[PDB]
Number of protein chains: 2
Amino acid sequence: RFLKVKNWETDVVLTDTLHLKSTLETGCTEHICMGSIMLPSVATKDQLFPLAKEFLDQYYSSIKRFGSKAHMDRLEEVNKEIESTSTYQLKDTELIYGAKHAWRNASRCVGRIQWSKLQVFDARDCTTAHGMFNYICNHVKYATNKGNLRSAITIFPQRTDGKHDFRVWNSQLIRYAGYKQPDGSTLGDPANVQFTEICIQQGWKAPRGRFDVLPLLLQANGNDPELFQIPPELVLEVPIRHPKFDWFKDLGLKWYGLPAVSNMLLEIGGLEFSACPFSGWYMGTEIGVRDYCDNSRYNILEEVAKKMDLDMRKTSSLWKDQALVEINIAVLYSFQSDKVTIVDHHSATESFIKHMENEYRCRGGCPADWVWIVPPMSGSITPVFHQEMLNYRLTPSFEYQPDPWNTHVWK
Amino acid sequence: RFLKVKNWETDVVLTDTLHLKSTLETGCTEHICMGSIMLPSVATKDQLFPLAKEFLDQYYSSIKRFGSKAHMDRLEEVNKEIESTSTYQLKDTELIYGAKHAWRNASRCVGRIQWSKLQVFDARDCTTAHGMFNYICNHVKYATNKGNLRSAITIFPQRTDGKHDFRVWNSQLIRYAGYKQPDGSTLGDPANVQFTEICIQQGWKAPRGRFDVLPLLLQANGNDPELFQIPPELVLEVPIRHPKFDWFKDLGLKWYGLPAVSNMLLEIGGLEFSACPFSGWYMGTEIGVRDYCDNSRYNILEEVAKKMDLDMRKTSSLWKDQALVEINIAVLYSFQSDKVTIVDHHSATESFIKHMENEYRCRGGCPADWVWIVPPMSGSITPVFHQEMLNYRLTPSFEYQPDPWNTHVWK
Ligand code: HEM
Ligand code: HEM
Ligand SMILES: CN(C)CCc1cc(F)c(F)c(CCc2cc(C(F)F)cc(N)n2)c1
Ligand SMILES: CN(C)CCc1cc(F)c(F)c(CCc2cc(C(F)F)cc(N)n2)c1
Ligand SMILES: C[C@H](O)[C@H](O)[C@H]1CNc2nc(N)[nH]c(=O)c2N1
Ligand SMILES: C[C@H](O)[C@H](O)[C@H]1CNc2nc(N)[nH]c(=O)c2N1
Ligand SMILES: [Zn+2]
């Protein structure tokens with residue numbers, strides 16, 4: 001019941017007891033492991049109070065005030081409010097604690113060594129999509145910090161009934177558009193082709209090019225979502241050049257500095273925050289490997305290998321691999337030269353092992369999803385490849401949610 | 001109960017019903033996924049007959065003779081023999097069927113597209129370590145086929161009581177020795193340092209160099225294991241050169257052509273075969289990435305990067321990654337130029353997806369362990385990265401077993 005995980009590079013053994021506190025379910029059974037399924041799968045007042053009590057019990061235990069009167073009263077105070085309202089409201093300090101621990105508990109996130117330094121923006125007084133725009137703009141400006149990126153999250157009002165939901169319809173705050181061509185090909189980011197068409201459907205005048213920063217599509221309190229263009233001065237972008245190959249600039253590649261996921265759901269003491277955009281900084285491989293070299297994304301291995309003069313006839317020339325390393329040297333070099341925060345998969349994975357050691361000592365474990373933690377290139381020359389990881393679901397948490405354009409009853 | 005797995009590169013969906021036939025347990029629960037734990041964890045006559053019946057029921061169903069008289073008699077015949085002997089003996093055709101399906105069911109094996117073309121050598125009449133040597137020698141010669149490698153397995157007598165076990169103490173038939181130095185460093189393969197010392201303890205005159213092919217250490221019917229040197233003409237080796245870098249030959253690297261695991265246990269209808277060395281051919285990354293570049297193995301990224309003239313000061317120069325690709329181009333190129341069978345991770349992973357499609361149609365699924373299937377470099381530019389895989393344990397199977405030098409009551 002007190003499980004051991006081993007590092008097979010260093011022979012370090014850590015003991016996990018935190019998984020005992022785990023509540024949610026993983027999708028796996030004794031007879032089938034679903035560790036590689038990508039997206040495994042109202043709320044009544046009866047369900048709400050154990051979840052609030054559970055959350056408050058760990059909140060007061062963390063500020064070294066577990067079981068005191070100020071605890072019990074808050075416990076009673078929330079009990080009474082759930083009786084009277086069939087929901088309840090977090091104190092500001094509980095919101096900050098909750099959001100930081102949703103990130104701390106995100107088993108697929110390799111960046112969690114920084115989980116305690118998260119800037120929480122309370123947008124729970126917001127009522128209009130224009131207000132969301134204003135908040136998201138302030139978030140972007142703050143998080144970007146002129147390239148000295150800072151972790152942040154902005155938390156819009158919690159779900160109530162379920163038909164009054166705040167949603168950022170964008171999957172990320174800053175994403176490049178994707179347009180299907182007449183000849184079937186795709187310009188820009190193929191991932192966003194559908195969302196790009198939703199913005200056009202709502203009146204976005206697309207500059208039909210490569211790296212067109214999409215507009216924000218914001219839904220307030222269940223209403224129809226509204227388009228807003230982020231002031232370009234707030235969208236920090238990095239032109240991608242190589243420290244050796246001067247033809248690399250002529251590729252005309254660039255990326256945005258700020259990774260900021262906006263489609264996920266934050267759960268805190270049973271309260272659901274449907275719009276909670278959060279941002280950090282990139283690990284290079286997210287751009288260099290997946291964004292640029294996924295077959296169904298920008299898919300630039302072809303052109304980079306052509307310009308590298310590579311034996312592209314055979315599979316075993318490893319021309320794909322060789323061009324992949326150059327592309328990731330270039331992403332990292334471009335970001336660093338522009339003083340835009342970025343971490344390489346070697347630095348980030350070493351930090352995660354050091355993070356894991358901290359969490360096993362002062363917390364009893366660290367839920368971790370190996371499938372997502374190991375980088376998409378050079379896996380085994382990073383320390384996380386050789387690290388056994390227990391995956392389990394703790395709360396507060398970030399959860400997936402349906403895309404709003406399947407759920408939303410339009411007008 | 002009829003689960004779906006998706007490919008996120010191609011949007012192909014397959015439906016798994018084979019997991020219903022699964023019997024063993026995975027280590028995961030509804031509350032904790034152990035998909036990244038490396039080694040998760042006598043036999044009575046009551047337990048034996050359901051396992052025999054289960055196996056025979058699928059054997060006759062596969063030669064299109066399920067439930068016939070020849071089935072029922074074999075069923076009765078094995079029932080009677082388990083009553084009378086508290087164990088039983090497989091027909092030759094059942095041994096071949098069993099061994100092929102142990103490989104077919106090996107969820108961590110990416111090479112399984114070839115599972116039906118396995119050459120099974122029945123060594124169940126063997127009685128002495130000298131006899132094992134003779135059989136293993138014939139296996140090596142056959143499997144090597146002068147570089148045109150052929151899949152094979154040699155099956156020594158099944159376990160009976162448990163103190164009369166046949167064991168190949170070697171983890172693989174052909175492995176390089178590893179010697180700890182006076183200054184603490186390691187010459188050769190650090191993985192084998194302990195086993196290398198066991199061979200010296202038993203009288204092996206080590207040529208204390210790099211790539212010293214270890215001797216076979218063979219235990220027959222529970223007796224003390226005996227040393228045998230494989231005739232060097234049977235050990236096919238590949239000197240590693242690069243198609244560009246002529247200094248690469250001066251690295252003095254080489255590897256053996258034949259991967260042949262010898263420490264695992266084959267389970268067929270409840271019968272345990274403790275010595276069942278099996279061989280195929282290498283995927284390049286096994287050598288180029290793990291053998292050569294694991295920190296706790298040969299660990300040659302340092303020297304290769306030095307000779308490549310690489311910015312080794314910073315982590316984010318990706319000098320490790322860049323040297324890793326060159327090393328794997330070289331392994332592949334050297335093997336192919338010598339006409340020694342080898343597959344690149346691009347060819348092998350594409351074959352495994354094609355293998356998966358075959359198994360989902362004509363079998364209802366394919367147990368697969370993503371953590372092991374995805375190659376240790378360039379993961380996401382291979383199709384298996386984007387393939388959801390269900391892992392579950394089917395039988396016949398290859399299982400891990402304790403190393404014999406912890407179990408063996410010596411003389
Ligand atoms: C500070 C720098 C950060 C880095 C370097 C980082 C890195 C990563 C990476 C590489 C992934 C893999 C998922 C993918 O490849 O798309 C990931 C996932 C994730 N990140 Fe982090 N991240 C950072 C900050 C944050 C912050 C501030 C939050 C929340 C406040 C967060 C929440 C998450 C979540 C919830 C996931 C998992 C999504 C899922 O469950 O599928 N990250 N991160
Ligand atoms: C024919 C060419 C073959 C190729 C290219 C191949 C490739 C691989 C690779 C890359 C692994 C990953 C494990 C590691 O990295 O050490 C593996 C595992 C494995 N292979 Fe295959 N293999 C082949 C043939 C065979 C054969 C003939 C058998 C049995 C008769 C077999 C049985 C296994 C088993 C049981 C494992 C998993 C060990 C475990 O459960 O941890 N393989 N294979
Ligand atoms: C399969 N795809 C669609 C999953 C989508 C997806 C969902 C997530 F929750 C998620 F975090 C990511 C990583 C991007 C990312 C986010 C952050 C954070 F600060 F915002 C930092 C960072 N470095 N990278 C991707
Ligand atoms: C963590 N380590 C110690 C696990 C050891 C280990 C156990 C195994 F069963 C296993 F198959 C391997 C792969 C080697 C291999 C084997 C074969 C086959 F034909 F023999 C073919 C191939 N290409 N590669 C490694
Ligand atoms: C099929 C598989 O689950 C899927 O491709 C996963 C694999 N691991 C990943 N890991 C990260 N970090 N990001 C991803 O999108 C994925 N995709
Ligand atoms: C911790 C982790 O389970 C371990 O390092 C695994 C990861 N995946 C692997 N995959 C393969 N093919 N071979 C391995 O040895 C490993 N090692
Ligand atoms: Zn699992």
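Protein chains get the first letters and strands the later ones, always in sequence-line order, with residue 1 at the start of each.
Looking at B/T23, the atoms closer than 4.5 Å to chain A (heavy atoms on both sides) all sit in the backbone: N, CA, C or O. Residue A/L332 touches chain B through its side chain alone, counting heavy-atom pairs closer than 4.5 Å. For A/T382, no part sits under 4.5 Å from any heavy atom of chain B, backbone or side chain. B/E326 touches chain A through its side chain: at least one heavy atom from C-beta onward sits under 4.5 Å away, while N, CA, C and O do not. Interface residue A/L24: only backbone heavy atoms are found under 4.5 Å from chain B. With a threshold of 4.5 angstrom between heavy atoms, B/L324 approaches chain A through side-chain atoms but not through N, CA, C or O. A/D294 touches chain B through its side chain: at least one heavy atom from C-beta onward sits under 4.5 Å away, while N, CA, C and O do not.
Residues A/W370 and B/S36 come closest through the heavy atom pair CB-CB, 3.5 Å. Across all their heavy atoms, A/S316 and B/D344 have their closest contact at CB-OD2, 3.2 Å. Of all the heavy atoms in B/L390 and A/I37, the pair that sits closest is CD2-CD1, 4.0 Å. In this structure, B/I329 and A/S317 approach most closely via the heavy-atom pair CD1-O, 3.2 Å. For the residue pair B/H31 and A/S22, the shortest heavy atom distance occurs at O-OG, 3.8 Å.
Between chain A and the residues B/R290, B/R393, B/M34, B/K6, the most heavy-atom pairs under 4.5 angstrom are made by B/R290. Heavy-atom pairs under 4.5 Å with chain B were tallied for A/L39, A/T315, A/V343; the largest tally goes to A/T315. The most heavy-atom pairs under 4.5 Å with chain B, out of A/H345, A/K314, A/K4, come from A/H345. The residue among A/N391, A/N328, A/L3 with the most heavy atom pairs within less than 4.5 Å of chain B is A/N391. Annotation: maximal heavy-atom pairing with chain B below 4.5 Å, among A/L318, A/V289, A/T10, occurs at A/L318. Chain B forms more heavy-atom pairs under 4.5 Å with one residue of A/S107, A/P383, A/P376, A/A368 than with any other, namely A/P376.
Expressed to the nearest 0.5 Å, how far OG1 of B/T285 lies from CG of A/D321 amounts to 9.5 Å. Separation of atoms CG (A/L18) and CD1 (B/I32) is listed at 9.5 Å; rounding is to 0.5 Å. Note that CE of B/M377 and CZ of A/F385 are 12.5 Å apart. Values are rounded to the nearest 0.5 Å. Considering NE2 of A/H19 and SG of B/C33, their distance stands at 13.0 Å, rounded to 0.5 Å.
The number of heavy-atom neighbours closer than 6.0 Å to CD of A/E54, taken from other residues, nucleotides and ligands shown, is above 12. In B/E9, the CD atom is crowded: over 12 heavy atoms of neighbouring residues, nucleotides or ligands sit closer than 6.0 Å. Annotation: B/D11, atom CG; neighbour count of heavy atoms from other residues, nucleotides and ligands within 6.0 Å is above 12.
Side chains of B/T29 and A/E30: a donor-acceptor N/O pair is absent below 3.5 angstrom, by distance only. With 3.5 Å as the limit, one finds no donor-acceptor pair spanning the side chains of B/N295 and A/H386. For the 3.5 Å distance criterion, the side chains of B/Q322 and A/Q322 fail to qualify, holding no donor opposite an acceptor.
Side-chain contact between A/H346 and B/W319 is absent, with no heavy atoms from C-beta onward closer than 4.5 Å.
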| task | Using the side-chain contact (heavy atoms from CB on, under 4.5 Å) rule, take A/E388 and B/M38 through it: C-alpha gap first, then chi angles, then the decisive distance, then the call. | result | CA-CA 7 Å; A/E388 300 182 349; B/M38 245 209 45; 3.4 Å; yes
